[PDB]
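**Student:** need a 3D model of the sequence below.
(one chain, ligands or ions: 1)
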Amino acid sequence: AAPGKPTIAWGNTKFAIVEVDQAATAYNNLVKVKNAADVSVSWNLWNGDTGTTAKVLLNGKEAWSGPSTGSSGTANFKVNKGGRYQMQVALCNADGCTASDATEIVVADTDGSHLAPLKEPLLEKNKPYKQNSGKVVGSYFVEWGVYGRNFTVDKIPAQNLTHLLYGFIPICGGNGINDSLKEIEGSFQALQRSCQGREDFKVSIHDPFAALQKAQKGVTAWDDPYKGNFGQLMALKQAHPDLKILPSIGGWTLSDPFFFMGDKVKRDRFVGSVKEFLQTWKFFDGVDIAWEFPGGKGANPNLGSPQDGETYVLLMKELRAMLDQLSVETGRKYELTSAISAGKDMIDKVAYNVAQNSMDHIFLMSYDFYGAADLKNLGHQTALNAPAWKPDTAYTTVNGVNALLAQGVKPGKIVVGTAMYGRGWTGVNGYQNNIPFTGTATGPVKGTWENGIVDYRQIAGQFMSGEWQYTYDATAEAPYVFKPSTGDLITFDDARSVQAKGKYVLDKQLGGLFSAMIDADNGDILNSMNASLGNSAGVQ
Ligand SMILES: CC(=O)N[C@@H]1[C@@H](O)[C@H](O[C@@H]2O[C@H](CO)[C@@H](O)[C@H](O)[C@H]2NC(C)=O)[C@@H](CO)O[C@H]1O
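**Tutor:** Numbering: from 1, shown residues only. This is the structure:
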């Protein structure tokens with residue numbers, strides 16, 4: 001007669017192709033990429049003949065076979081594709097095969113193939129839009145926003161984006177390489193710990209707890225291998241396979257290492273580490289280069305060289321070549337983008353007419369034009385045009401776009417930036433004709449999280465009532481609020497100024513809109529970005 005029906009033993013059923021060491025702070029030890037997951041199953045036979053061959057089936061297909069030598073057995077085998085499998089043990093002899101009931105096993109991989117889709121309802125004022133304009137709708141999500149700001153990946157209005165950028169991936173390096181980090185308490189030391197045993201100029205993860213280990217919605221079970229931002233982003237990819245999720249390398253305080261990549265030895269090491277990063281973290285769709293900035297004038301006053309423009313073009317070309325090779329190895333399309341200064345002086349340090357041939361999108365940082373770092377020259381921080389009281393204003397969105405177009409950049413490459421926050425001053429005084437910008441300030445406005453910067457959510461929630469004046473400058477296309485008693489003045493984007501940017505993008509056939517940072521919106525800004533670009537309301 002055929003063998004008795006085996007009973008699968010109680011045991012671990014969760015396995016991982018990319019393993020995460022739960023007691024490691026160094027990135028080199030934190031993650032172990034394998035070619036396949038090591039899977040184990042055991043069984044008992046409580047009634048009958050144990051057969052002569054035992055097999056482990058996954059969805060009916062044999063993954064392991066061996067002699068059946070007793071009433072209990074154990075099988076160890078490899079599974080090289082992530083997902084969920086109906087696993088059975090079968091005992092076979094000449095008279096037949098008898099299969100156990102199925103037990104589901106989970107084989108994790110960093111594409112999120114093991115995860116249920118993270119499809120969360122829209123929050124606050126966010127309304128559903130379909131991505132049918134063909135325009136970029138992008139936003140940056142910051143790794144540290146999960147702490148005080150409490151803004152996690154499940155709160156991203158993901159259906160209302162084409163591009164979600166993750167800020168920020170650091171480049172390893174200690175003294176002289178990441179000195180800008182020393183201005184943030186504990187941050188330099190955190191990077192050195194992540195990069196222990198890891199060569200300078202390879203990428204790493206700045207906050208592995210936030211990125212991979214903090215419990216979050218959908219990834220709370222202790223043996224879920226990927227938690228934190230990355231685990232949730234994997235599940236988000238399962239819900240939105242057309243969403244492009246890009247890691248952004250650099251930003252204000254992690255840009256110092258770019259200034260050394262004129263040395264091709266370092267540049268080659270960096271590019272190879274980016275390829276390895278994308279082979280490790282499969283939910284990412286490319287790379288964003290947020291080098292602030294070629295030529296200097298970023299966080300570090302001691303960095304910046306006339307060579308930087310050439311280094312930038314070489315970097316984009318070599319990144320594109322690496323991504324093209326990754327693309328044909330995987331069958332996937334990979335994107336290369338960059339966040340760049342919107343000032344004409346800065347733009348003309350780089351030959352974007354050449355670099356554009358390597359790049360899918362240029363994220364034009366048409367914001368932070370003015371702020372509390374200068375208390376004497378006040379202006380709109382993210383306006384489309386110059387205001388009427390100073391038509392020669394240098395730093396406007398249009399002047400940045402025009403600088404790119406004058407180089408020969410194709411307009412469809414250019415993604416215009418919107419601000420989900422205000423910048424502002426306190427004690428504004430000595431202004432003429434009821435225009436506070438013509439005065440001077442005594443300090444920064446009190447911020448939501450940092451001096452001089454206010455979340456748009458708080459502008460809308462607190463500074464659009466009481467004594468606060470509200471004015472929409474229709475020449476510049478820029479709103480501002482002013483508290484006369486204290487001289488508090490805040491410049492920001494609102495639904496109308498975003499609408500002007502979106503219409504301007506359509507009229508000039510630019511690439512779309514993007515924002516920083518997604519956590520600071522209440523929905524008004526992203527709603528207007530979508531509507532003004534012609535995205536249809538509703539869900540597709
Ligand atoms: C061009 C641009 O994006 N804006 C610059 C600001 O980033 C910069 O302020 C700095 O902003 C960073 C985040 O973007 C912060 O991490 C950093 O603490 C902050 N540093 C400051 C306020 O000194 C300012 C600095 O003058 O320049 C803008 O142009």
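**Student:** from now on I want contacts and neighbour counts done on CA atoms only, so please keep to that.
**Tutor:** Will do.
**Student:** give the burial count for the residue lying closest to residue 83 once chain neighbours are set aside, as a bare number.
**Tutor:** Distances taken as C-alpha to C-alpha, 6 or more residues apart in numbering put residue 114 closest to residue 83, at 4.3 Å, once the chain neighbours are dropped. Residue 114 sits with 24 neighbouring residues when counted by other C-alpha atoms under 10 Å.
**Student:** isn't residue 114 up against residue 104?
**Tutor:** No: in this structure, residue 114 is not within contact of residue 104 by C-alpha atoms under 8 Å, at 11.5 Å.
**Student:** what is in contact with the two at once?
**Tutor:** Residues touching both residue 114 and residue 104 (C-alpha atoms under 8 Å, 6 or more residues apart in numbering) are residue 84.
**Student:** quick one: secondary structure of residue 496?
**Tutor:** State at residue 496, reduced to three classes by DSSP: H, G, I helix; E, B strand; the rest coil: helix.
**Student:** quick one: it from residue 533, how far?
**Tutor:** 13 Å (C-alpha to C-alpha, to the nearest Å).
**Student:** residue 212 too?
**Tutor:** 35 Å.
**Student:** tell me which of these two has more neighbours.
**Tutor:** residue 533 (26 against 22).
**Student:** need phi/psi at the more buried one.
**Tutor:** Residue 533 adopts backbone torsions of phi -90, psi 0, taken as degrees, to the nearest 10.
**Student:** what about the strands in the stretch 151-300 of the chain?
**Tutor:** For the stretch 151-300 of the chain, the strands defined by DSSP state E, counting those that start in this stretch cover 163-169, 244-250, 286-290.
**Student:** make a markdown table from those strands and add distance to the ligand to it.
**Tutor:** Shown next, in a markdown table, are the strands of the stretch 151-300 of the chain (distance: least, C-alpha to the nearest ligand atom, whole Å):
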| stretch | distance to the ligand |
| --- | --- |
| strand 163-169 | 11 |
| strand 244-250 | 11 |
| strand 286-290 | 10 |
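**Student:** would JSON lines of those strands with distance to residue 59 and mean neighbour count be doable?
**Tutor:** Formatted as JSON lines, the strands of the stretch 151-300 of the chain follow (distance: least, C-alpha to C-alpha, whole Å; neighbours: other C-alpha atoms under 10 Å):
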{"stretch": "strand 163-169", "distance to residue 59": "35", "mean neighbour count": "23"}
{"stretch": "strand 244-250", "distance to residue 59": "31", "mean neighbour count": "24"}
{"stretch": "strand 286-290", "distance to residue 59": "33", "mean neighbour count": "26"}
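**Student:** residue 89: which of those strands is closest?
**Tutor:** strand 244-250 (39.1 Å; C-alpha to C-alpha).
**Student:** next one: that closest one to chain centre, how far?
**Tutor:** 5 Å (C-alpha atoms, centre = their mean, to the nearest Å).
**Student:** what does that strand contact?
**Tutor:** By C-alpha under 8 Å, 6+ apart, strand 244-250 touches 162-171, 237, 255, 283-292.
**Student:** what strands line up against it, and which way round?
**Tutor:** Applying DSSP bridges to the sheet, strand 244-250 is found paired with strand 163-169 (parallel), strand 286-290 (parallel).
**Student:** so which of these is nearest residue 143?
**Tutor:** strand 163-169 (6.0 Å).
**Student:** contact partners for the residue in the stretch 151-300 of the chain positioned nearest to the ligand?
**Tutor:** Relative to the ligand, the nearest point of the stretch 151-300 of the chain is residue 252 (5.1 Å; C-alpha to the nearest ligand atom). Residue 252 makes contact with 291, 292, 298, 299, according to C-alpha under 8 Å, 6+ apart.
**Student:** narrow those to those in helices?
**Tutor:** The members of these all map outside helices under DSSP state H.
**Student:** returning to what we had before: ramachandran angles for the residue of the stretch 151-300 of the chain closest to the ligand?
**Tutor:** Dihedral angles for residue 252 - degrees, to the nearest 10 - are phi -60, psi -50.
**Student:** now it: how far from residue 279?
**Tutor:** 26 Å.
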